[PDB]
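K.L.:
I would like to see how this sequence folds:
(4 chains)
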Amino acid sequence: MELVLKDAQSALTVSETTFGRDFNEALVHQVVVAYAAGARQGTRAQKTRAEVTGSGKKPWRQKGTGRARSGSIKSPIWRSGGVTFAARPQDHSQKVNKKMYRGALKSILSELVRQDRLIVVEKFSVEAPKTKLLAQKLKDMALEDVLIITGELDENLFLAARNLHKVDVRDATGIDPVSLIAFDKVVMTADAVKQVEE
Amino acid sequence: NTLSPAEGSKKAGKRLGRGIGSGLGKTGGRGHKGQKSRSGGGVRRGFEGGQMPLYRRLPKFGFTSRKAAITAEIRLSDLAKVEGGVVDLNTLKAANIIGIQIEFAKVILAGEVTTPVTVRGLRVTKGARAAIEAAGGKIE
Amino acid sequence: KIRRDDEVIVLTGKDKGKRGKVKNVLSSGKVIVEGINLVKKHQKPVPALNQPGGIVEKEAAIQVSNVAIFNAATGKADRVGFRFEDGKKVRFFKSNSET
RNA sequence: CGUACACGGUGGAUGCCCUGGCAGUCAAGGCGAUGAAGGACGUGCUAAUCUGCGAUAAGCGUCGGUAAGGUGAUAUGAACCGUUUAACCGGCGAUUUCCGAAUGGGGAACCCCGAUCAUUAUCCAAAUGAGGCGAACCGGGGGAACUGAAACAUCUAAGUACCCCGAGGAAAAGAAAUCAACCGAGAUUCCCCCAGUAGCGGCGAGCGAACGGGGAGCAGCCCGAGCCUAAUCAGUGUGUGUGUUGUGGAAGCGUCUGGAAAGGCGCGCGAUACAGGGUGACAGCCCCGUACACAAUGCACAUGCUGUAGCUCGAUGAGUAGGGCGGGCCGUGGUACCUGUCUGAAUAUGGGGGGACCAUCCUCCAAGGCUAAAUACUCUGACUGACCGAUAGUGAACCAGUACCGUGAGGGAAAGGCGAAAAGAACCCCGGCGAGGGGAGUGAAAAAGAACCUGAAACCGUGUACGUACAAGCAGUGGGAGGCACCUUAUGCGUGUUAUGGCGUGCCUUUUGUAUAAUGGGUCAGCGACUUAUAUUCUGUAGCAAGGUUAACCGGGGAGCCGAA
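P.N.:
Numbers count the residues shown, from 1 in each chain, chains lettered A, B, ... in the order given. Pasting the structure now:
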């Protein structure tokens, strides 16, 4: 259909855009919890170039273990080494995929074209220097409660929004599901929508 | 405001698909239950990839053939007609998905649409003689 | 911050109004103001609280939350004593806002 | 004496807290003959431990910082130090016993000297070196077995475990007598891929590359003579940035509840400052602190500069290439590499190589040498964690690697929480008593009084309800009679236990069959056993459809893989 963009005055209408991809509310809830989990530590195992010197290391008995830098790894015997059991790649994270992670990235982009969601803002948004101006454009927008949700834009990181509640600025190029939905929710700009198309 | 956000933290993104109750790999939970193959199931798995063998012993055996030139490169009429134009000999094939690090091919008239472009190839079959003759050009 | 070199003015405890110089600051957060003391058994002006006991922790134990050093605001407290060799601290002391 | 409960106890679970662990990340990274690390013994007015020092002994001096208080952890008594500005935190210098590499000699810390090897050598130790330590990384040698092959002698585990020698903060390799899709690439490692392909193998099980391509990082150069000189060498001056650590400082309203608000409700404010802590209860605006800025230290590497100094001609290295005998090792196959014994060439008008041998193309030239860059731990500093929570987590949040065990190597625990404040029970009676008891006092609460928060179960005593010394045994169900006792769940509606009567042989594995003279448990609580990557083959659900997915590495890539006869 047609996604009504908004001006700085949060005008009723501007241009139009949209994303086509069967949005799945089955594709906007955990993923980033997995991001929230997986992004924080995870002892892989073999992933490391650690090697063995064999005997003759230093005048002393030093078992030829999967050593590296000055401490052993990989070997289940020493910490940070690979787990000796079965079914879990990293630490306490959710095993899984490259496609669903992306499928969620596509599906999420579609979530934007939903009534009870965000709204597209004109490019001029990136101009707003002060933060207070944003709060107003968010008030008249009737989405001030979205501060509990999140925010986004295009070109460069919005210094005026970064301050705002739970705001983790991001650019249309590099946006992760987490950004597209700091909790299956978000908000973007005109140019951003165009850039994200790719 | 300065209140415990109704909720605005991290458990958000998306359940891989259906209600993942817990991490995969779960079958017969902790404790005792089935999840296995009763009888002589234990110390070692059943199969191995062979047999006694009664079937594998000496059936109508064969052998390991010598490496071949590794022809057989689909070059169909059309998809080479409703595309580009003339000059489609050994030099302009990379454009199309017809380019094996090896050699040879063959023409398979998937379509009949006139072209009437010419195509070398280094191979030929019935239909390769037909067309590119009624349409024009010369095969090598 | 609070310094034993600063004069304080009680405002809540039964010693409300008394003026005096701090005698020492403890890591616990309790301050002892010179003047705020108790009367021992053999009539000895020694700082402490009140209840029967044996070996004991001296000091009347005052809370910084109910004391009154400098405190720019509409209060009943008045003047308070305060280093100088710093110089930069003199500028702050000269400002009705800092110290 | 059986059961339930009540009061008190035992015990210590549980709930909450935690000055500890576990894990990850960033930064930083060597110490010693001007005699270190470690250990011993000492040192504070009293000090036994720990820590710090060491006989100038938990300290002395200087500069800077800091700041008015302080005399380590211990908040004791006495005393003393500080504004001739100490305590406390940072550079440089002085002092620095004895043993210890020690090295004169001997020795379980005690008594008398450069010991031993070696170089130079004025051959005098005269001038020097080595001899030790250090968590594990790199290199060079020696080299198993259990085990797998469901036996075992090849093979496999292993070139691993273990032994020897040595370097650095990093090591090895390296400019091609190469590659061999070519009118082509073109130093060497490493990552991804190529490959689980070529190849090996009782060809049984298993074993297993490389060229190339895509990346990271890029640098090429030295030995006989002629000539001459801006490479090198010696010395001088001497940072920026960055990284680590340290440093500067003000401010609190109204109503209600409360012992006290950091509560609830109302109103207001700051934010290049939407970290954390403290303060009588959940304080971004009460205090520290955080932006900000400053200072110290390390970095010190480099750059600049003084005097040195190009370039040219010819050749290019034999017990080697190669062959034979016997072995080791390798994926190496008649086609890997190396050792040992014997034999033994030619030379660029030459020779080697392109996975078999020998004569004809293409490539490149050994038997001499050097060479920057591309990462890797965690001792140490800091940070973080959907990690654990004190029979959890490191063995160690409490004296822990302590108490304790063994001749020794070695082995190795348990023990956390009073209260807002100790504010820690004055005074009195009792008693052998600073014990304890009574009374009394403090506090919101001691039904906090000190292994002291909360405080369960097994269990103990007492007591309550109800039985009960003719009574037969799962110890119930239903029916009908007896009573006694209690009316916080008023209604001919229930409980506690119970007299009497009809029935009724704990609970778990093995076994054809167990109640069973078949095995296991005295009771309790806590503890206590199917998990990882990859690959293959199905299934259910979901998206899109001859196309589809990428891997290393970049939001791009399509290498490559599978499918398409």
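
K.L.:
run through the residues of chain B sitting next to RNA strand D.
P.N.:
B:2, B:11, B:17-18, B:25-28, B:30, B:33-36, B:48, B:50, B:67, B:74, B:101, B:108 (CB under 7 Å from any atom of the strand). For the C-beta atoms, the positions are set from N, CA and C on the backbone; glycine is no exception.

K.L.:
and chain A, which of the residues you listed reach it?
P.N.:
When contact is defined as CB under 8 Å from any CB of the partner chain, the residues of chain B next to RNA strand D meet chain A at B:11, B:17, B:18, B:25.

K.L.:
show me the contacts for residue A:108.
P.N.:
Applying CB atoms under 8 Å, 6 or more residues apart in numbering or on different chains, we find residue A:108 in contact with A:23, A:27, A:28, A:177, A:180, A:181, A:184.

K.L.:
name the SS class of it, please.
P.N.:
Of the three states, residue A:108 takes helix under DSSP: H, G, I helix; E, B strand; the rest coil.

K.L.:
what do you get for residue A:168?
P.N.:
coil.

K.L.:
for it, which non-adjacent residue is closest in space?
P.N.:
Nearest residue to residue A:168 in three dimensions, chain neighbours excluded: residue A:182, at 6.3 Å (CB to CB, 6 or more residues apart in numbering or on different chains).

K.L.:
burial count for the one you found?
P.N.:
Neighbourhood size, residue A:182 [other CB atoms under 10 Å in any protein chain shown]: 25.

K.L.:
find the closest residue to chain A in chain B.
P.N.:
residue B:13 (2.5 Å; CB to the nearest CB).

K.L.:
next, the contact list for that residue, please.
P.N.:
By CB under 8 Å, 6+ apart, the residues touching residue B:13 are A:28-36, A:104, A:177-178, A:181, A:184.

K.L.:
so the residue nearest to it when sequence neighbours are not counted versus residue A:184, what's the distance?
P.N.:
Spatial nearest neighbour of residue B:13, chain neighbours left out: residue A:32 (2.5 Å); criterion: CB to CB, 6+ apart. Using CB to CB, to the nearest Å, residue A:32 is found at 9 Å from residue A:184.

K.L.:
between those two, who's got more neighbours?
P.N.:
When neighbours are counted by other CB under 10 Å, residue A:32 comes out ahead of the other of residue A:32 and residue A:184, with 28 against 22.

K.L.:
wait, the more buried one sits on residue A:185?
P.N.:
No: at 11.1 Å, residue A:32 does not count as touching residue A:185 under the criterion of CB atoms under 8 Å.

K.L.:
chain center to the biggest strand by length in chain C, what's the gap?
P.N.:
As assigned by DSSP state E, the longest strand anywhere in chain C is strand C:19-25. Centre-to-centre, strand C:19-25 and its host chain are 5 Å apart (CA atoms, centre = their mean, to the nearest Å).

K.L.:
so after that strand, what's the next helix or strand?
P.N.:
Going down the chain from strand C:19-25, the next helix or strand is strand C:30-33, by DSSP states H and E.

K.L.:
tell me the buried residues in that next one?
P.N.:
The neighbour-count check on strand C:30-33 (16 or more other CB atoms under 10 Å in any protein chain shown) flags C:31, C:32, C:33 as buried.

K.L.:
now the strands: where do they sit in chain C?
P.N.:
For chain C, the strands defined by DSSP E occupy C:7-9, C:19-25, C:30-33, C:38-39, C:45-46, C:62-63.

K.L.:
the fourth one pairs with which strands?
P.N.:
The partner list of strand C:38-39 in its sheet, established with DSSP bridges, is strand C:45-46 (antiparallel).

K.L.:
and the residue of chain C nearest chain B?
P.N.:
Nearest residue of chain C to chain B, counting by CB to the nearest CB: residue C:65, 21.8 Å away.

K.L.:
please report how far that residue lies from residue C:27.
P.N.:
17 Å.

K.L.:
so for these two, which sits in the more crowded spot?
P.N.:
The neighbour comparison of residue C:65 against residue C:27 (other CB under 10 Å) goes to residue C:65, with 8 against 5.

K.L.:
how far out from the middle of the chain is stretch B:93-108?
P.N.:
Offset of stretch B:93-108 from its chain centre (CA atoms, centre = their mean): 17 Å.

K.L.:
next one: stretch A:57-77
P.N.:
With CA atoms, centre = their mean, you get 38 Å for stretch A:57-77.

K.L.:
flag every buried residue along it.
P.N.:
A:65, A:66, A:67, A:72, A:73, A:74, A:75.

K.L.:
which neighbours do residue A:32 and residue A:184 share?
P.N.:
B:12, B:13, B:14.

K.L.:
before we move on, the earlier item: ok, the buried residues of stretch A:57-77 vs residue A:143, which is closest?
P.N.:
Checking the buried residues of stretch A:57-77 against residue A:143 by CB to CB gives residue A:73 as the nearest, at 48.9 Å.

K.L.:
from what I see, the closest one and residue A:49 are in contact.
P.N.:
No: here residue A:73 does not reach residue A:49: they are 10.2 Å apart, not a contact under CB under 8 Å.

K.L.:
one step back: who wins for neighbours among the contacts of residue A:108?
P.N.:
Counting neighbours by other CB under 10 Å, the top entry in these is residue A:181, with 31 neighbours.

K.L.:
now it: how far from residue B:71?
P.N.:
Taking CB to CB, one finds residue A:181 at 52 Å from residue B:71.

K.L.:
quick one, strands of the chain?
P.N.:
Reading this off chain A. With strands called from DSSP E, chain A shows them at A:5-6, A:120-121, A:188-189.

K.L.:
was after chain B, sorry
P.N.:
Remark: strands assigned in chain B by DSSP E are B:74-77, B:106-109.

K.L.:
which residues touch residue A:158?
P.N.:
By CB under 8 Å, 6+ apart, the contact list for residue A:158 reads A:125, A:126, A:128, A:151, A:169.

K.L.:
burial of the nearest residue to the second one once chain neighbours are set aside, as a residue count?
P.N.:
Translated: residue A:126. If the residues on either side of it in the chain are set aside, residue A:126 comes closest to residue A:155, at 5.2 Å by CB to CB, 6+ apart. Number of residues near residue A:155 (other CB under 10 Å) recorded here: 16.
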